[PDB]
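Okay, structure first, notes after.
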Amino acid sequence: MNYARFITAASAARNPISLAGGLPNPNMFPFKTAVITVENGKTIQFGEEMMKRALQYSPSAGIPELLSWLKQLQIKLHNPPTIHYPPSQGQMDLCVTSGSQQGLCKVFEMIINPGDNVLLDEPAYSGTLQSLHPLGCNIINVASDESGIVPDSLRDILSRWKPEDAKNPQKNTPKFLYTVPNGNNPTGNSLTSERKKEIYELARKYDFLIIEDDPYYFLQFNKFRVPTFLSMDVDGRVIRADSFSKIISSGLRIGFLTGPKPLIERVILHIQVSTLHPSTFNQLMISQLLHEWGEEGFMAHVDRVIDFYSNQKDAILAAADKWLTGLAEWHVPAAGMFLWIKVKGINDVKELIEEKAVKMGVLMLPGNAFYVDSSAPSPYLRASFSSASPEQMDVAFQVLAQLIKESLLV
Ligand SMILES: Cc1ncc(COP(=O)(O)O)c(CNc2cc3ccccc3n(O)c2=O)c1O
Ligand SMILES: [Cl-]
């Protein structure tokens, strides 16, 4: 594998008793000791020495024990083929980020030169669209559905090029394909094992990278979790983004990238000149807890959380059924925390949200946000079952429905 091709010139030009130590004196920091309790788990303690560790600078790719525990999990969950490959051949490498957004952004940054082609299915994450836009890439939209990206659409799109063209600079082959394989923001649609095989196979034929942005992986209502692109990455073409935001803490800013050693190493260098490293305090906070828990301790917690949002999914749907009677259309969310609604008989919905819905104390995101062309009208809504109560959901839909009707009288 040649990683140099997928890389931007600036990325490749990146570069890595002691008085050398450009670190401040630890004994000069005000916060002396910490005690953090955990429900259905033990108690975390940050003693004098542990606190001095937590308050001082850290490795950059992450704290050693957080990186080891995560490495163990990535193998124990995806057993990536790349595990024992030579580094140059795309050997599996991990990297702790200050949220999964840091991982993705840095990856996009290290890949995209203005003019480069990117494969992505619309509607896609606002944050990533927002990331790629200033970057200068051409987003080629790949046709999706309830089961995700249609391998056939990707198959048709790729037919523009020849499988040899990937080797040829002068031929602008797609640098990567971007997907949310489980519970896509904003649709909530998840891919299938079959389709993923077809897509990976397509990635091989046309030789492009796959950035697997999977934050709602642990939040699968599916029962037996579907195998990942990383879990099937023979070549070493997968950059996989995991998040602790949806299960452990969004505020702590601790995410984790898993991909080929050369590519991960390219992001690590960028973070060296950007944030230096993620909060050593929070990395230790996560580490210590999920260490004393174990993989069983972790999997119990994940199950506990999936069955909360399962009822939240059940709840919002039990509401949509009641109030969106036949005023809109929706797919049962596969995973994650979003319900994606198609308001029947209306071209644009943005108006009757930030002007009609808000004044009614109900607010949910218009679909416009999830498209490259934000100007073009959307009859879509993205409703979050992450927080609102069944009562709240009921009171929310009863409003929304009212508004759907008024605009139907125009
Ligand atoms: C697919 C995908 N990739 C990356 C991220 C960010 O990952 P993180 O850093 O691990 O939390 C996200 C989080 N998505 C959202 C976050 C959010 C935060 C504040 C306010 C609104 C937010 N809305 O709207 C979101 O959808 C995501 O959906
Ligand atoms: Cl071309």
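With the authors' numbering applied, the sequence shown corresponds to residues 1 to 16, 34 to 427, in that order. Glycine included, C-beta positions come from ideal geometry on N, C-alpha and C.
Residues of the same chain with a CB within less than 6 Å of the CB of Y234, apart from the 5 flanking positions on each side, are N199 in chain order. A direct Cα-to-Cα measurement between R399 and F355 gives close to 6 Å. Cβ-Cβ distances below 7 Å link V124 to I228, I256, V284 in the same chain, with the five nearest sequence neighbours on each side left out; the list follows chain order.
It is roughly 44 Å from the alpha-carbon of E408 to the alpha-carbon of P97.
Counting along the chain, the unbroken beta strand (DSSP E) around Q62 starts and ends at 60–63. Collapsing the DSSP output to three states places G384 in a helix.
Residue environment for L293: exposed (fewer than 16 other C-beta atoms within 10 angstroms of its C-beta). When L90, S75, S143 are compared, the shortest CA-CA separation from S296 is found for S75. With respect to the 8 Å criterion, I128 and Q305 are not classified as neighbours on the basis of their beta carbons.
Burial is judged here by how many other beta carbons sit within 10 angstroms of a residue's own beta carbon; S35 has fewer than 16 and is exposed. Proximity of the stretch 409–420 to the stretch 366–381 meets the contact definition, three or more beta-carbon pairs being nearer than 8 Å. Of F46, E56, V427, the smallest CA-CA separation from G314 is found for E56.
For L111 against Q91, the beta-carbon gap comes to about 7 Å, under 8 Å, which counts as contact. Each residue's CA atom was taken as its position, placing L247 and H95 some 7 Å apart. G276 places its beta carbon 8 Å or farther from that of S260.
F402 is classed as buried because its beta carbon has at least 16 other beta carbons within 10 Å across all chains shown. When the five nearest sequence neighbours on each side are left out, the beta carbons in the same chain lying within less than 7 Å of the beta carbon of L40 are those of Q73, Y74, in order along the chain.
In the DSSP assignment, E229 falls outside any alpha helix (DSSP H) and within the unbroken beta strand (DSSP E) covering 226–230. The closest heavy atom of ligand 1 lies 7 Å or more from the beta carbon of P198. Excluding five sequence positions before and after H318, none of the CB atoms of its chain fall closer than 6 Å to its own CB. Of the candidates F46, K59, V135, the residue whose Cα lies closest to the Cα of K69 is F46.
Around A386, the same chain offers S143 as residues with beta carbons nearer than 6 Å, after the five sequence neighbours per side are excluded.
Going by beta carbons, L194 and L136 fall inside the 8 Å limit. Within the DSSP secondary-structure output, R14 pairs in no beta bridge.
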